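Single chain ahead, written as C-alpha cells, the form deposited in one PDB entry.
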C-alpha cells in the first residue's frame, strides 16, 4: 500500500523539508517549509514515510549517506512513500 511521488530538482534551492533520521527503518517527513519547493507542489505531507529515493532503500543507508545523497541529487527525484493521511 505504498505510493510513488516524483518532483524535479533542477535548481540549487533547498527542497524545503526536514526528515527524521533517527531511525532509518522509518524515515519520516517531520516538517515542510511553507512556500518551499515540496510545499507548493504537494508532493509530500508531514508524517509520510520515505521508503526509497530513486529506487534506493533508505533503510540500508547511513544518515551520512542519506544526507549527502539527497542534497547532491539534481534532476528527477522519485520517492517511494507510505502516506500518512487517509480519508474515510
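Residue numbers count along the first chain shown, from 1.
The next section is about a form of this same protein that is not shown, the form deposited with a partner chain bound.
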query: Its partner chain contact at residue 26 in the entry with it bound, heavy atom, 4.5 Å; finding: no
query: Its partner chain contact at residue 20 in the entry with it bound, heavy atom, 4.5 Å; finding: yes
query: Partner contact for residue 67 in the entry with it bound: its partner chain, 4.5 angstroms, heavy atom; finding: yes
query: Contact label in the entry with it bound: residue 63 to its partner chain, heavy atom within 4.5 Å; finding: yes
